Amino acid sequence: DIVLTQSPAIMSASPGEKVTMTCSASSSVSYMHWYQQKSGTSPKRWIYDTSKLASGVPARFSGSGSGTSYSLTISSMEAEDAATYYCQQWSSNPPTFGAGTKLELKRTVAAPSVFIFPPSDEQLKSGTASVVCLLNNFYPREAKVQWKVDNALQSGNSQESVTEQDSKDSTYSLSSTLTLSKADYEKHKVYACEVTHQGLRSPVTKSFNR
């Protein structure tokens, strides 16, 4: 019943930098263990008994701590070290895990390539309209996509989805989907996707007419 609070919840690091994340236990703990989880795989043992590295773990990793504060450190951050890191204790049963600290890779800004797609005629046959706006290979993840139909700023009728950081060029992609009924779709004429992002000096607008 020891609650492990990992700080920070999200962090990024340039390759070369030293990385440090903490794990704060609500009560005293004798030893802390660390697991590493990469996207779409199961966790793997990384550090046991506070300081001792598991088999296969590069020497750049190291673990310290006592009492209520334990730490995971990477002296020279590398690309392959991007993952989620969980801390765990056995000292008091039940065993408890941390909420995780996500380690992402830093990179220079990159501007998105924007695409807009009108809904297919097969979809309109079904009576619904999905307008998709694609932002490709940008950094950082923070990007603002706004829909505007006949200069009317849409709100509450769109969903975004973001890819995981690209292992090669560390960029993201995003798809915003504007969902309308076929009736509402055909009421208006011009459909616009207005992207704001640090890699753009000015907002990029892709549009089409119905």
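Residue indices: 1-based, along the sequence shown.
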*Pick between 85 to 93 and 106 to 114: the one whose mean CA B-factor in the entry is higher.*
85 to 93
*asked:* Mean CA temperature factor from the deposited coordinates, higher in 36 to 44 or in 151 to 159?
replied: 151 to 159
*What's the residue among 146, 50, 167, 175 with the greatest CA temperature factor in the PDB record?*
167
*asked:* What third of the chain does residue 133 rank in for C-alpha temperature factor, lowest, middle or highest?
replied: middle
*residue 68 CA temperature factor, ranked by third within the chain*: highest
*residue 62 CA temperature factor, ranked by third within the chain*: highest
_Within-chain third of residue 171 by Cα B-factor, per the entry_ = lowest
